[PDB]
Each structure stands twice: as structure tokens, then as C-alpha cells.
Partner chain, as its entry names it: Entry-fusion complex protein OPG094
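One chain comes next, on its own, written as C-alpha cells: the form solved without its partner chain.
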């Protein structure tokens, strides 16, 4: 399956988490976007910048001090919260070895039904 299908009910809190494969490089940032061209948030360590019409109310960043994972929680799921959610890791080299930006990206389809 190219997309893990997370099925939840109306009103639940969906906790979406992702793990970085590269565990030996400096994570520049961790991004979350709704795949229909909507950027949810950009987390730089414990500083979260929310894009578009997104605030700390419905979606909360739950992994501010854990660098090996990224986790958000969508609260009070509605019918419009369904769709594909994408997590991404932007990382750089820690010792200038292979000077480049490494990028990881994973997707999951959230189905919020009655």
C-alpha cells in the first residue's frame, strides 16, 4: 500500500506520527502539509510556524523535544479534515560529508467517517 489509511470517527483526535530514517544528521526542520496544496505547519525544534488557516487549536505539535520523530494531533475531527496528510524531514549534513540537503517524505490518508 502506497498510503497508510488511518480511519477515525467524527470528533476524535487523530495523532499522526512519522519517523526519520536518517538518525545521524541534523534535522533542519520537520514539515506537515495537507497534500491538496495546503501547508499545515513547519516545526523548527520547539518553534512551530503555522501556515494558512491553521493554529495551535485544531492541530497541535506534540514532539517539540524529540528529534527522531515528528508528531501532530488533529482535534475534533470533522468531515473536511479527511484527505492525504504528508510529513517531511529536511536535514543537513553534520560533518560536511556529502554536502547536500537530505529530504524524507511520507503520506497517509485520513478517512474521517460517521
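Numbering follows the first chain given and starts at 1.
One more form of this protein, deposited with its partner chain bound, exists but is not displayed; see below.
Might residue 63 be said to contact its partner chain in the deposited complex, defining contact as any heavy atom within 4.5 Å?
Residue-level check for residue 63: yes, a contact with its partner chain.
I'd like to know if residue 17 sits close to its partner chain in the deposited complex, meaning any non-hydrogen atom pair within 4.5 angstroms.
Residue 17: contacts its partner chain in the deposited complex.
Answer for residue 113 alone: is it within 4.5 Å of its partner chain in the deposited complex, judged on heavy atom distances?
Within the cut-off, so yes.
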